[PDB]
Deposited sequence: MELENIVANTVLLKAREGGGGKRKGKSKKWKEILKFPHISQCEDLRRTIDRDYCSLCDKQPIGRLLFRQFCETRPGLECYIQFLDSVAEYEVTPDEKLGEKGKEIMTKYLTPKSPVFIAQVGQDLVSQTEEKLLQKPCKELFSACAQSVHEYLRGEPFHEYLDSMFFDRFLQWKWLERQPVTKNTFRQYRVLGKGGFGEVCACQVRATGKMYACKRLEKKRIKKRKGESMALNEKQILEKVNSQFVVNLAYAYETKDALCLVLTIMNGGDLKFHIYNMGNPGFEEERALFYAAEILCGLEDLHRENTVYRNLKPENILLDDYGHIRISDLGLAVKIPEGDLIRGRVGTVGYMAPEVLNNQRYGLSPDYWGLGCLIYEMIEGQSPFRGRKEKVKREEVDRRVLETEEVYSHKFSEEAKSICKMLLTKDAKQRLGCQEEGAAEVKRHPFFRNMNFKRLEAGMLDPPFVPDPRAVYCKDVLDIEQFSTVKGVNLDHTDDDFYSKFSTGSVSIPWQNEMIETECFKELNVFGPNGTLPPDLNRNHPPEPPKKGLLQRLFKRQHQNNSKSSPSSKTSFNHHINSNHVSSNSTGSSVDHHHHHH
């Protein structure tokens, strides 16, 4: 459902327009060839024009398949890669990986296999592409093409760039709608923050902090910010759309109430990965509760309401009694200086609630005052039933340790300590992070499961399109596949030839 004249909207600019971009973009290999989706594709396309370089791209592709390969099949795939890319007489043999490392990689296969067998070589390969090959791509027409894509990326976003549909959810500062990008057809969830209520509450720094944390996070298990633009009477945040409902609805309206342990494991595993991605930016969530975990069309989850998120300065703690009653960690209730520990408390609350069908400190059929709930969170130890395996009791007990100093995942090791807990003993995370594990529930598509002083503030909020999400949108909608064309027989097209604009 793209616009009638979308090819004119996303029409490449002439290379002569991107000179100011050429001189300002940092020439970082990892950014221009890996992180940025369109740059990564263009560089790979460049290597596919040089017989010498192509064999290296295929090798890395096979290593990625090796990491997610099942354990019983690790040995099988490990040999295919060796006798194809690493034998000296191959049509796809890679020479920049030292013959010393080729003999070292072979011995490890004579021993038992591990998912990180080719990590030594893979890094040796990237080191080669970091140099000469990367610097030729920079003086190639594929980097010029990349500059054109960046030029489109930086274009101004307005109300006309989108097409609003329905009011999905509602909240405090405003509402949440469903926007579509006219040129691409991609659907989003336009959260509308009324300018009026922000100016009065004076939550300028509160709305900006949410936008800044969302644009800086790049995770498969957290809502991603795609556009941040300004309209009259309201600001907007274009985020990932989630049509599968929230976890609260699935625990109580679709549940026993509750899930099987194995089903809760999948959701807990994906939530743990989301929190790990937030903690990489030293950002704490503090709002972990079932209604904030949303499901998508495929059945995977994402963390949604980042309105209470804060970026902790490294080496510094924060103070703040915030959150929802019954989902506040003891250090939060007591209003102490805490770090990221409130999130591991919340994870324990969710695993328990998913498995048991009720909060660990308030029964589903129980009516108690907010003060009694809080006393339990600070003084009473939770109990477990026969729905919990011993491993499940363990992780829940550790994550619900009232002393944040002894709570799981609150050490210097971080989320890694929680991933090796026996509760995830059968969870291959590498495959989960690769989206290769089928969710336990797939929602049906047709289903429904529910003043010049204020100008400086809008300047730093209405930043525009976010780089990585925008490029991914270009790829999913196949706009990149269609427009990324060149001259017949590997020759310069008109838009990339400075001779005849």
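Not built in the structure, per the record, are deposited positions 1-24, 475-491, 543-598.
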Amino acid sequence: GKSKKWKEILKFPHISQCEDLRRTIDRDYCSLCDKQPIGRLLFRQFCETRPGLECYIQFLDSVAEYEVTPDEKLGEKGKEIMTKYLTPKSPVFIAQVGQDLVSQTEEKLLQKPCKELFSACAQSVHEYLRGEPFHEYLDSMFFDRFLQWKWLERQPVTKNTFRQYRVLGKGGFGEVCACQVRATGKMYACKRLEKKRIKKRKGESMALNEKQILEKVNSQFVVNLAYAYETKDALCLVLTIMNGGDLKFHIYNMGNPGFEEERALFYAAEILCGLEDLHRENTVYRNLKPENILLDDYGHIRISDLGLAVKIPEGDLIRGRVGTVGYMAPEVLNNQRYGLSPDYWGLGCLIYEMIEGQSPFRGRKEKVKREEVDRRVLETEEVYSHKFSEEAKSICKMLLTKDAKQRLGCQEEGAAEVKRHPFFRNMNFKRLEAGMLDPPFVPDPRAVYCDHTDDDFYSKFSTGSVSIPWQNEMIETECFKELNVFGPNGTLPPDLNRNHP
From here on, numbers count along this sequence of modelled residues.
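If you superpose the two forms and keep the largest set of C-alpha atoms that fall within 1.5 Å, you have the rigid core.
For the pair 451-459 and 54-62, rigid core superposition yields a higher RMS C-alpha distance in 6 other deposited structures of this protein in 451-459. Between 290-298 and 102-110, it is 102-110 that carries the larger average Cα temperature factor according to the deposited entry. The stretch with the higher mean CA B factor, choosing between 196-204 and 414-422, is 196-204. Highest CA B-factor among the listed residues (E433, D456, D28, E473): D456.
Looking at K232, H250, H279, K402, the one whose CA carries the top B-factor in the deposited record is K232. When all modelled residues of the chain are sorted by CA temperature factor, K393 is found within the lowest third. Ranked within its chain, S467 lands in the lowest third, by CA B factor from the PDB record. Remark: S119 belongs to the highest third of its chain, ranked by C-alpha B-factor as recorded. Split the chain's modelled residues into thirds by C-alpha temperature factor. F43 is in the middle one. In the deposited entry, the Cα temperature factor of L60 places it in the highest third of its chain's modelled residues.
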